[PDB]
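**Student:** Pasting a structure here, questions to come.
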Amino acid sequence: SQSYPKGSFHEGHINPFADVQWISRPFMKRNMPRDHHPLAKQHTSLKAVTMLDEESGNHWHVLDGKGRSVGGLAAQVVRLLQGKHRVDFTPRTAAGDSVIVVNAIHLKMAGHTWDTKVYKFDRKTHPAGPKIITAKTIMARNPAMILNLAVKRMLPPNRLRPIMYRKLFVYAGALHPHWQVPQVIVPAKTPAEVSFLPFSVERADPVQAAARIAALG
Amino acid sequence: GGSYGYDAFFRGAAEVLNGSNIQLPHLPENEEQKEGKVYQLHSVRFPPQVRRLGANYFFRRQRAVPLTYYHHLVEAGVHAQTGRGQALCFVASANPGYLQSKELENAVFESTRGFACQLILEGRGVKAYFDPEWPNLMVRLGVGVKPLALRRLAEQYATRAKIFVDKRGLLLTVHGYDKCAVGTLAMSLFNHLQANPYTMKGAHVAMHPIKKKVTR
Amino acid sequence: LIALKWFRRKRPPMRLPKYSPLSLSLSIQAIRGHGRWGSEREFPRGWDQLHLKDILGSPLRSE
Amino acid sequence: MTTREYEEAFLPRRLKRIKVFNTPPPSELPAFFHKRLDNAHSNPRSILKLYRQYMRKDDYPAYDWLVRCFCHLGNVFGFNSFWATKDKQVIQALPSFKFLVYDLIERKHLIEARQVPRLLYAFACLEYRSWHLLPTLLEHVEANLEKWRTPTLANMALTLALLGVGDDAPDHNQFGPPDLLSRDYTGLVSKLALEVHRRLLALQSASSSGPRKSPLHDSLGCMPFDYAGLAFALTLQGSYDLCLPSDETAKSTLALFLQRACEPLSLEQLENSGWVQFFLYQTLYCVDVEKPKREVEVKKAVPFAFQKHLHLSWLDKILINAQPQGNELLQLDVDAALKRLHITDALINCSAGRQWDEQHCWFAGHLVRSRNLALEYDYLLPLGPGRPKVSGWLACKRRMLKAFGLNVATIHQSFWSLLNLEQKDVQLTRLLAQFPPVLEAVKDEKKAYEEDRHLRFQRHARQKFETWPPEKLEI
Amino acid sequence: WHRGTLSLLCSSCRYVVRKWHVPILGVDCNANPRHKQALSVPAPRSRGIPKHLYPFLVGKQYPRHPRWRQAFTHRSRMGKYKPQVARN
RNA sequence: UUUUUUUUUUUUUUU
RNA sequence: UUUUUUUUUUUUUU
RNA sequence: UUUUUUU
RNA sequence: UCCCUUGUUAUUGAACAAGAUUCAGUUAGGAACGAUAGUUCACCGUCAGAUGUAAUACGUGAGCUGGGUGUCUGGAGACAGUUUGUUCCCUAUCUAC
RNA sequence: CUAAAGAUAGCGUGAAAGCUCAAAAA
RNA sequence: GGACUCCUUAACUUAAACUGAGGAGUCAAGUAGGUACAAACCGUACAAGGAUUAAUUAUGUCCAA
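Chains as they are written, first to last, in PDB author numbering: chain LA, 9 to 225; chain Lf, 165 to 240, 251 to 390; chain Ll, 128 to 190; chain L9, 1 to 475; chain LF, 112 to 199.
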């Protein structure tokens with residue numbers, strides 16, 4: 009209202025004598041994403057799942073972007089989108105496959121990027137100039153955008169870009185609203201049995217155990 | 165990064181080598197600790213409270229040299255104590271510095287006695303009375319000025335620290351278990367209880383009096 | 128499936144360990160006969176170096 | 001003048017650089033490396049780098065050089081050194097060490113008789129046990145039993161007792177796979193213990209002491225430290241009633257060893273003897289606890305003045321300078337599992353003893369009072385693929401805990417390493433299910449003013465202005 | 112007392128860092144409040160010299176192309192002045 | 001300590 | 001390290 | 001596919 | 001951090017009132033006239049709107065002009081207004097034995 | 001306890017008092 | 001009675017793409033390549049002509065490529 013925002017460096021040590029002088033986070037300590045305490049069942053993430061389809065020819069790739077780097081993820085995604093990984097790649101057409109991204113909120117950014125990054129939006133003949141929106145706002149409102157824009161600016165500057173862009177799906181949450189596609193995260197399973205006991209239990213004398221229990225009581 | 169500065173390029177950064185050896189704040193460090201030092205393994209017996217620290221502080225924490233730890237547990251006029259028949263903990267190391275960390279003493283004091291602080295009140299008409307009962311603290315800042323309701327602080331810090339006032343109402347004592355909490359509370363109080371340098375009507379932390387001033 | 132090779136976890140082995148200046152300094156002090164127990168030169172302590180050298184260098188007897 | 005960069009800026013980037021100094025290369029690799037080994041005696045990295053260089057330069061280095069390098073590496077991690085067990089485990093977990101031991105195993109048949117004591121001493125120092133070479137070393141030891149000196153016999157007995165090989169238990173001294181087992185080596189250290197006693201008995205008839213190296217040195221070149229080590233080795237395996245069949249008077253060996261380890265010393269010299277104090281006190285405590293048939297004859301060897309001195313000043317330096325120092329990976333893993341399983345009653349490095357005991361000589365790994373259980377950790381290499389064994393140090397610890405009446409549960413690294421986080425938690429829960437709580441738990445939480453529990457604090461509370469003239473200022 | 116540099120003037124000064132709009136160093140003095148220094152008004156920075164240009168900056172800079180036309184020319188090398196050449 | 005520079009056309013810093 | 005934080009501070013040295 | 005820290 | 005309005009509360013030779021230097025925002029609301037025409041400056045009189053800076057081709061001359069220390073009826077960009085629709089002007093002619 | 005302590009390096013007052021540092025001991 | 005750059009140097013405010021000298025390259029009269037965007041810098045086994053082929057160069061090797 010009348011003062012500058014409270015940055016991430018306000019809640020930690022400052023070490024000028026180092027590369028990472030202060031850690032930066034999208035949200036405060038008391039504001040970080042968390043999971044509900046009552047887990048009705050435990051879940052496990054499959055990292056990535058892939059679906060082929062010979063008849064329709066539309067392939068799907070569901071990824072888990074949990075703790076991954078935005079840049080790297082974007083870079084990887086670009087490849088898939090472009091379809092360069094296939095032998096039969098045609099730059100004229102979009103030879104790519106559909107990509108689904110989840111857990112976008114869990115992304116990471118090295119350095120002082122969370123507190124010293126902004127995004128500009130051009131305006132047609134505006135005196136005020138381009139609109140500037142901070143990254144904290146975007147994280148607060150729509151996390152997916154963080155990845156979306158990185159991918160977009162990564163894609164070639166051509167008329168195909170929109171097409172390639174359309175096929176991209178990003179979600180902040182775990183699951184997706186899609187119908188006919190497998191889930192990256194599935195309920196946990198029972199651990200496998202073991203054919204050996206790694207313990208060697210040896211009981212003591214009952215009389216001495218009772219005497220010790222009585223003494224301690 | 166990859167850009168030479170003008171000072172380091174042209175001048176070569178000669179300023180750092182243009183200082184005098186006089187008018188120094190502190191004397192130079194004596195270069196006595198030369199080759200010929202013999203290290204030894206020191207050991208200290210601490211009370212059984214340090215067990216609350218756990219392994220995360222003695223083993224998980226990385227250190228230059230190993231830091232062992234053991235717990236000697238023993239089943240249970252004049253307090254004639256000896257080196258036998260009581261529990262304790264052995265903490266041994268090669269670096270004496272590791273055997274003087276404030277966390278080890280805090281682990282015992284927090285769960286045994288805790289910490290305390292005091293604030294002294296001065297000025298004509300400055301009184302710190304009590305409302306019917308706790309938590310309700312009011313302090314009068316001079317004659318004619320309205321009192322200050324200090325219930326917010328006490329409610330904030332409830333169960334963490336407590337405030338006591340002598341009969342006279344000239345002393346504000348604070349007692350707690352949390353170092354941070356105690357300190358914070360004390361400084362919070364003193365922020366609005368700070369004394370004026372001219373009239374000298376307020377409060378101050380002990381062993382840190384304020385200097386008086388006069389108009390020219 | 129091969130396409131998604133980037134997502135694979137890897138862990139290279141440890142080529143050599145790392146030690147601190149004080150950790151390395153204590154080693155030569157111990158070797159010279161200034162172990163944790165005391166001064167071997169001043170008094171012959173257990174598992175000393177000179178006794179071990181003789182007993183392990185001349186274990187067999189003369190015929 | 002001109003700069004190197006300037007010059008280089010006009011030449012191919014891949015152009016090779018001329019050589020400024022050239023000397024003939026080393027013709028003989030073994031002789032070249034033998035002289036280099038003379039300077040590296042404290043730095044493990046130097047030894048490892050030298051071994052790596054020799055391995056890269058030649059495929060079959062000299063066996064004598066390999067043995068010397070292994071002994072040099074083992075010597076650094078001595079008992080009197082400040083190194084920790086974690087530093088030994090991480091060293092064992094290195095590929096180069098595995099390559100060195102594999103090279104030794106490949107040509108194990110070139111092992112000399114005089115190189116066995118050093119190999120055993122290095123094994124004891126590094127806490128590394130193998131079933132690939134120890135069976136061969138024991139063959140040479142037993143073959144040359146009638147030729148080793150008394151100090152070497154005592155040191156070998158102590159090292160083997162520490163390693164936990166040669167015990168009197170039956171069918172517990174076999175190496176190799178179950179379908180291919182080596183010879184049984186049961187009751188090996190007892191032969192050395194009886195040989196030294198037989199030589200001591202015969203020495204009396206001759207009575208020829210002759211020249212001596214030092215006042216503490218005995219006629220046979222023995223040492224009080226060696227005698228105390230023999231006594232401690234016997235105590236570890238519990239062979240208290242060991243006696244010489246040839247002896248007509250039936251004299252116990254432990255009493256003779258204690259007497260010979262104490263006669264030369266005095267009260268003033270005991271304070272600086274070192275390991276002798278711990279050996280004597282631990283042996284006496286174990287003898288008192290187990291109460292063997294020779295208790296009266298064993299307790300009479302140590303003088304009363306020495307016993308009082310050892311009892312008084314014990315909890316200051318003796319108890320702390322003769323125990324492991326540093327971290328422990330296996331201990332930390334089980335501690336993390338216990339913390340995951342919501343176990344706040346486990347005590348790390350906790351001691352125990354009888355009701356009327358004012359001093360404890362043992363510290364359990366993870367002790368729990370609510371369930372009355374003790375957890376032990378073993379990290380030594382198993383005898384074979386699925387045949388682990390408990391170390392000598394833990395062997396007596398288990399007996400003492402059994403006598404005190406505390407249940408013992410040991411965890412083997414060989415089988416624990418073969419599990420994941422899920423599996424480990426499952427197995428630990430199953431193990432704990434067999435020891436339900438009996439006694440009440442004890443808490444060490446933070447103290448607080450509970451009286452003020454009914455108070456409430458409102459943060460987002462606006463300042464009220466009922467009336468204009470304020471009777472009291474509300475901060 | 113904003114200053115372009117920092118110095119230890121008291122007997123108990125300590126170099127601290129203040130959580131201002133931006134990370135800013137400073138010196139705090141207990142025996143004298145006037146000695147409180149805050150480094151927040153430095154001199155403007157200059158444009159540095161790229162590193163890759165180092166090789167061609169320092170040291171003796173020799174000419175790129177040499178001179179040979181003056182020492183190459185000869186009558187025998189010219190058809191207009193070749194016949195006049197006489198070896199006898 | 002090093003790999004990461006004016007990479008100051010954009011993204012990215014994934015070490 | 002604690003919402004302590006308009007130019008005010010505590011704890012621990014990571 | 002990070003290096004270094006004499007004895 | 002630009003003349004006023006904000007930073008309770010420690011930079012001050014700051015008793016109060018009235019004042020001086022420096023710094024910070026998520027950039028919020030405001031600042032009146034006249035005489036002499038010496039190309040503009042020190043100063044002068046009134047309401048006291050309360051010590052009131054620069055860049056933009058003198059900002060601005062196909063928008064206007066004045067006593068000196070020319071003309072042009074808007075073709076394309078931009079800006080300000082406005083736009084019914086699938087059909088309601090015309091036309092749109094398989095398969096093959 | 002022994003040893004050591006600048007004609008006086010930094011605070012302070014009205015001419016004073018008082019404190020601290022160097023040195024010494026540990 | 002010449003435009004840029006390399007070494008030396010006269011004048012100037014060790015200023016300016018100025019003014020004027022000594023000796024090498026390029027442009028002028030040079031193509032395509034690199035240097036992000038407009039002669040002068042690097043390289044060229046440097047443009048008679050045609051085709052779906054092989055090469056150590058300035059220089060590059062996360063994405064636009």
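All C-beta atoms in this analysis are idealised placements derived from N, C-alpha and C, irrespective of residue type, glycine included.
Run down chain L9 in chain order and give the residues with a C-beta less than 9 Å from the C-beta of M312 (chain Lf).
**Tutor:** Taking the first residue of the second sequence as 1, we reach residue 312 (chain Lf) at position 138. Going along chain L9 in sequence order, the residues near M312 (chain Lf) (Cβ under 9 Å) are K472.
**Student:** If you reduce the DSSP assignment to three classes, tell me which class residue 234 (chain LA) lands in.
**Tutor:** Past the edges of chain LA, shown from 9 to 225, lies residue 234 (chain LA), and the structure says nothing about it.
**Student:** Buried or exposed: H72 (chain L9), going by 16 or more other Cβ atoms within 10 Å of its Cβ?
**Tutor:** Sequence index remark: in the fourth sequence, residue 72 (chain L9) carries index 72 (1-based). Buried, since its Cβ has 16 or more Cβ neighbours within 10 Å.
**Student:** Given a cut-off of 8 Å on the beta-carbon distance, is the pair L394 (chain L9) and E376 (chain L9) in contact?
**Tutor:** Here residue 394 (chain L9) refers to the residue found at position 394 when the fourth sequence is read from its first residue. Here residue 376 (chain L9) refers to the residue found at position 376 when the fourth sequence is read from its first residue. It is a contact, given that the beta carbons lie within the stated cut-off.
**Student:** List the endpoints of the continuous beta strand (DSSP E) containing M59 (chain LA).
**Tutor:** Start at 1 with the first residue of the first sequence, and residue 59 (chain LA) comes out as number 51. Here the beta strand (DSSP E) through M59 (chain LA) covers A56 to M59.
**Student:** For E284 (chain Lf), go through chain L9 and note every residue whose CB falls closer than 7 Å to its CB, in chain order.
**Tutor:** The residue given as residue 284 (chain Lf) occupies position 110 in the second sequence. Here the neighbours are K446.
**Student:** Counting only beta-carbon atoms, is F170 (chain Ll) nearer than 8 Å to chain LA?
**Tutor:** In the third sequence, counting from the first residue as 1, residue 170 (chain Ll) sits at position 43. Chain LA contact via Cβ: absent.
**Student:** Since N372 (chain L9) meets chain Ll, which of its residues come closer than 9 Å, beta carbon to beta carbon?
**Tutor:** Residue numbering aside, residue 372 (chain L9) sits at position 372 when the fourth sequence is read from its first letter. Within chain Ll, no residue comes near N372 (chain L9); the closest Cβ sits about 35 Å away, beyond 9 Å.
**Student:** Shortest alpha-carbon distance to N166 (chain LA) belongs to which of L224 (chain LA), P24 (chain LA), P99 (chain LA) and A219 (chain LA)?
**Tutor:** Numbered from 1 along the first sequence, position 158 holds the residue referred to as residue 166 (chain LA). Residue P99 (chain LA) is the option with its Cα nearest to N166 (chain LA).
**Student:** Would you mind stating whether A301 (chain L9) and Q355 (chain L9) have Cβ atoms separated by less than 8 Å?
**Tutor:** Taking the fourth sequence and counting its residues from 1, the one referred to as residue 301 (chain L9) is at position 301. Taking the fourth sequence and counting its residues from 1, the one referred to as residue 355 (chain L9) is at position 355. Contact flag unset, no.
**Student:** Let me see if you follow: with CB-CB separation under 8 Å, is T347 (chain Lf) close to chain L9 or not?
**Tutor:** Here residue 347 (chain Lf) refers to the residue found at position 173 of the second sequence. No, because no Cβ of chain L9 sits closer than 8 Å to the Cβ of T347 (chain Lf).
**Student:** Listed from N- to C-terminal order along the chain, which residues in the segment 302 to 329 of chain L9 have their beta-carbon within a distance smaller than 9 Å of any beta-carbon of chain LA?
**Tutor:** The residues in question: there are none.
**Student:** Can you list, in chain order, the residues of the segment 136 to 161 of chain Ll whose Cβ is nearer than 9 Å to any Cβ on chain Lf?
**Tutor:** Within the segment 136 to 161 of chain Ll, the qualifying residues are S147, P148, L149, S150, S152, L153, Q156 and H161.
**Student:** Please report the Cβ distance between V107 (chain LA) and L176 (chain LA), rounded to the nearest whole angstrom; I am assuming they are in contact, meaning their Cβ atoms lie under 8 Å.
**Tutor:** Residue numbering aside, residue 107 (chain LA) sits at position 99 when the first sequence is read from its first letter. Residue numbering aside, residue 176 (chain LA) sits at position 168 when the first sequence is read from its first letter. About 6 Å separates the two Cβ atoms, so the contact holds.
**Student:** Can the beta-carbon of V70 (chain LA) be found closer than 8 Å to that of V189 (chain LA)?
**Tutor:** The residue labelled residue 70 (chain LA) in the question sits at position 62 within the first sequence. The residue labelled residue 189 (chain LA) in the question sits at position 181 within the first sequence. Yes.
**Student:** From the DSSP output, in three-state form, read off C291 (chain Lf) for me.
**Tutor:** Position 117 of the second sequence, counted from the first residue, corresponds to residue 291 (chain Lf). Reduced to three states, the DSSP call for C291 (chain Lf) is strand.
**Student:** Counting only Cβ pairs nearer than 7 Å, list the residues of chain LF close to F25 (chain LA).
**Tutor:** Taking the first residue of the first sequence as 1, we reach residue 25 (chain LA) at position 17. By Cβ distance, chain LF contributes nothing, its closest Cβ being about 11 Å from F25 (chain LA), past 7 Å.
**Student:** Quick one, which residues of the segment 123 to 144 of chain LF are near chain Lf if we go by CB-CB under 8 Å, in chain order?
**Tutor:** Answer in chain order: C124.
**Student:** Are the C-beta of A9 (chain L9) and some C-beta of chain LF separated by less than 8 Å?
**Tutor:** Here residue 9 (chain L9) refers to the residue found at position 9 of the fourth sequence. Yes - at least one Cβ of chain LF is within 8 Å of the one on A9 (chain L9).
**Student:** Give me the residue from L341 (chain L9), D58 (chain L9), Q359 (chain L9) and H342 (chain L9) with the minimum Cα distance to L310 (chain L9).
**Tutor:** Here residue 310 (chain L9) is taken as the residue at index 310 of the fourth sequence, counted from 1. Taking only the C-alpha atoms, the option nearest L310 (chain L9) is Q359 (chain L9).
**Student:** Excluding the 5 residues preceding and the 5 following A268 (chain Lf) in the sequence, name in chain order all residues of the same chain whose CB lies nearer than 7 Å to its CB.
**Tutor:** Here residue 268 (chain Lf) corresponds to residue number 94 of the second sequence, with the count starting at 1. Here the set comprises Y203, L205 and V229.
**Student:** Spatial neighbours of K160 (chain LA) within its chain, please: CB distance less than 7 Å, with the 5 preceding and 5 following residues excluded, ordered by chain position.
**Tutor:** As a working mapping, residue 160 (chain LA) is identified with position 152 in the first sequence. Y173.
**Student:** Quick check: the segment 138 to 150 of chain Ll against the segment 318 to 329 of chain Lf, are at least 3 beta-carbon pairs closer than 8 Å?
**Tutor:** No: fewer than three Cβ pairs fall under 8 Å.
**Student:** At the 8 Å Cβ level, is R163 (chain Ll) part of the contact set with chain Lf, yes or no?
**Tutor:** What you label residue 163 (chain Ll) is simply residue 36 of the third sequence in a count that begins at 1. For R163 (chain Ll), the answer is yes, since a Cβ of chain Lf falls inside 8 Å of its Cβ.
**Student:** List the residues that DSSP assigns as beta-bridge partners of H113 (chain LF).
**Tutor:** Your numbering for residue 113 (chain LF) matches position 2 in the fifth sequence. DSSP lists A149 (chain LF) as partners of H113 (chain LF).
**Student:** Within the 8 Å Cβ cut-off, does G169 (chain Lf) reach chain LF?
**Tutor:** Residue numbering aside, residue 169 (chain Lf) sits at position 5 when the second sequence is read from its first letter. Yes, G169 (chain Lf) lies at the interface with chain LF (some Cβ there is under 8 Å from its Cβ).
**Student:** Relative to the C-alpha of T2 (chain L9), which candidate in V169 (chain LF), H146 (chain LF) and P177 (chain LF) has its C-alpha closest?
**Tutor:** Sequence index remark: in the fourth sequence, residue 2 (chain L9) carries index 2 (1-based). Selected option, being the one with the closest Cα: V169 (chain LF).
**Student:** Which residue wins for smallest C-alpha separation from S190 (chain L9), given the options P224 (chain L9), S239 (chain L9), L181 (chain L9) and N22 (chain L9)?
**Tutor:** Taking the fourth sequence and counting its residues from 1, the one referred to as residue 190 (chain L9) is at position 190. Nearest C-alpha to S190 (chain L9): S239 (chain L9).
**Student:** Once the 5 residues before and after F278 (chain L9) are set aside, which same chain residues still bring their CB inside 7 Å of it?
**Tutor:** Walking along the fourth sequence from the start, residue 278 (chain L9) turns up at place 278. Excluding positions up to five away in sequence, the list reads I318 and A322.
**Student:** Which chain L9 residues sit within Cβ distance under 7 Å of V169 (chain LF)?
**Tutor:** Start at 1 with the first residue of the fifth sequence, and residue 169 (chain LF) comes out as number 58. Neighbours of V169 (chain LF) on chain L9, chain order: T3.
**Student:** Any idea which residues DSSP pairs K397 (chain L9) with across the strands?
**Tutor:** Numbered from 1 along the fourth sequence, position 397 holds the residue referred to as residue 397 (chain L9). In DSSP, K397 (chain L9) forms no bridge with anything.
**Student:** Quick one: does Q423 (chain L9) have its CB under 8 Å from some CB of chain LA?
**Tutor:** Here residue 423 (chain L9) is taken as the residue at index 423 of the fourth sequence, counted from 1. It does: the Cβ of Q423 (chain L9) has a partner Cβ on chain LA nearer than 8 Å.
**Student:** From this set, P437 (chain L9), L380 (chain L9) and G392 (chain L9), which residue's C-alpha is nearest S417 (chain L9)'s C-alpha?
**Tutor:** Locating residue 417 (chain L9) in the fourth sequence gives position 417, where the first residue counts as 1. It is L380 (chain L9).
**Student:** Going residue by residue through the segment 264 to 323 of chain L9, where are the continuous alpha helix (DSSP H) segments of at least 4 residues, counting only ones entirely within it?
**Tutor:** Entirely contained in the segment 264 to 323 of chain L9, the alpha helix (DSSP H) runs reaching 4 residues are, in chain order, 267 to 273, 275 to 290, 295 to 299 and 304 to 312.
**Student:** Kindly say whether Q29 (chain LA), judged by its beta-carbon, lies nearer than 8 Å to any beta-carbon of chain Ll.
**Tutor:** Residue 29 (chain LA) sits at position 21 when you count from the first residue of the first sequence. Output row for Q29 (chain LA): interface = no.
**Student:** Kindly list, in the order they appear in chain Ll, the residues whose Cβ is closer than 9 Å to that of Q84 (chain LA).
**Tutor:** For this step, residue 84 (chain LA) is matched to residue 76 along the first sequence. In chain order: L131, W133 and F134.
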